[PDB]
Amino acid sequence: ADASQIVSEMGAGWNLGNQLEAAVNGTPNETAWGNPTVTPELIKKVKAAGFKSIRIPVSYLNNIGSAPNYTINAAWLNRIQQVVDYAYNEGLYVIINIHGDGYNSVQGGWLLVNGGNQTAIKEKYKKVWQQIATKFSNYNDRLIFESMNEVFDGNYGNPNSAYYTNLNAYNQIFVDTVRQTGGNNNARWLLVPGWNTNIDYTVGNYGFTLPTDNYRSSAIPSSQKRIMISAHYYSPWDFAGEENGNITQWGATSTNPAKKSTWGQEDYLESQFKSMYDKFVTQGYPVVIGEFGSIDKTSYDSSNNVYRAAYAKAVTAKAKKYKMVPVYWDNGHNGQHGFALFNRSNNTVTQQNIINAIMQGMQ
C-alpha cells in the first residue's frame, strides 16, 4: 500500500493500553497495572466493534540484558509475538513500539534524550531494535514498527535543540537498523515521532528532522515514503486528562460554560490537525495520531459521556478529513478517570456510544 492507501486500510485504531508497557520497579508485566493477561478474545471483540488497527505499547526495561549484547529475554519476545499474532492473524494492522523505556519518570527508563551516556544509549537502542525487528522479519506490511513513544526531557516548554538532535538520531538509528535486518523489514512502514509526540513541536521550527531511508528495499519507489509520523492528542488537557471535575464538557454542545474549557475547541482541533497535514501528509508521509481520548468524569458531571463521545467523534472526523489515522487510547480502566471502552474481564462493551461516535467520525 502506498501512503494514501495505507491510511484508508488502517481505519480507526485502538490501543491495547496498560498491558505490555506496564512495569513496576523496572520489570515489564502485562498485568502490573490491573488488567488481565491479554487473550485473543479481547482483540476479536475490538475488531467486531469496527477498529481496523491495534497499537500495542511494549516496554522492555530490565528484560534487556547487559552490554554489549543487550539480549532481550526470549520469553518476553515470545509473549510479544503471541499478542501481535492475536491481532495480525485477524487481518488487523498492528503497531509495536518501545514505550516505557523512553521516560525519565519510569523506573529503568534509559532511552533518554537528556541522558549522559549517549553512546551507550544509542548502542543499546540499536541492539534492541535489531532483535525486535529480527523476531518479526517475516510479517507483512500490516505490521508497523514505531521507534519509540513520547520522548523528551520532562519539560513541557520549548525543546532543547541538542536533545532534539538525540531524538532525531534515535529515529535514524531505528530506521537504518530495521532496514538492515532480514525479510520484509527493509520494506515495511516505520512510524516515528517528534518531541513528546507534540504537534506544535513536530511541525514548527524546533529541530525535528525527517530520517533518511537509504537502506530500504529497492522495490519502494524513489518518489514514495515508507515512514509515517506520530503525534498524540489530548487537548485541552483540562477536559481530556486532568483528574478532577473542573472541566467536564467540550465542544459546541456543552450546556454549561463553567464546565467547558476556554480554549482548545473545534477551531483549535482544526488548526492542529491541518498543521500535520500541511507539513507531512502533503509530502507523502502518513500521519498516525497514535493516541487520543478523554477520561471518565461521570462521577463529577452526569452528562460527561455526551462530551467524551463528541470529542472522540470530532477528533476521529478531523483525522479522516486530513487523511491521517486516529488511534483511540484505551487503558482498560472502567471507572473514575478511566479510558476504557471494553471491560477486559468479560469482553463486553462498556462505552457503546463512544465507539459509535468514533465510527460515525470515520464516515
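A residue's number is simply how far along the shown sequence it sits, counting from 1.
*Asks:* Looking at the deposited entry, does 161 to 169 or 273 to 281 carry the larger mean Cα B-factor?
*Replies:* Mean CA B-factor is higher for 273 to 281.
*Asks:* Between 61 to 69 and 329 to 337, which has the higher average C-alpha B-factor in the PDB entry?
*Replies:* The stretch with the larger average C-alpha B-factor is 61 to 69.
*Asks:* According to the deposited entry, which of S261, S235, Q180, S254 has the largest Cα B-factor?
*Replies:* In the PDB entry, the greatest C-alpha B-factor among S261, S235, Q180, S254 is found at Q180.
*Asks:* Could you check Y215, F145, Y125, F292 and tell me which one carries the biggest Cα B-factor in the deposited entry?
*Replies:* Out of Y215, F145, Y125, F292, the record gives the largest C-alpha B-factor to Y215.
*Asks:* Lowest, middle or highest third: where is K52 by C-alpha B factor in its chain?
*Replies:* For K52, the deposited C-alpha B-factor lands in the middle third.
*Asks:* Place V288 in the lowest, middle or highest third of its chain's C-alpha B-factors, as listed in the PDB entry.
*Replies:* It falls in the bottom third of the chain.
*Asks:* Would you please rank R226 by its C-alpha temperature factor against the other modelled residues of its chain and give the third it falls in: lowest, middle or highest?
*Replies:* CA B-factor rank for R226: middle third.
*Asks:* What third of its chain's C-alpha B-factors does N347 belong to: lowest, middle or highest?
*Replies:* Highest third.
*Asks:* Considering only modelled residues of the same chain, in which third does the CA B-factor of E30 rank: lowest, middle or highest?
*Replies:* Highest third - that is where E30 ends up once the chain's C-alpha B-factors are sorted.
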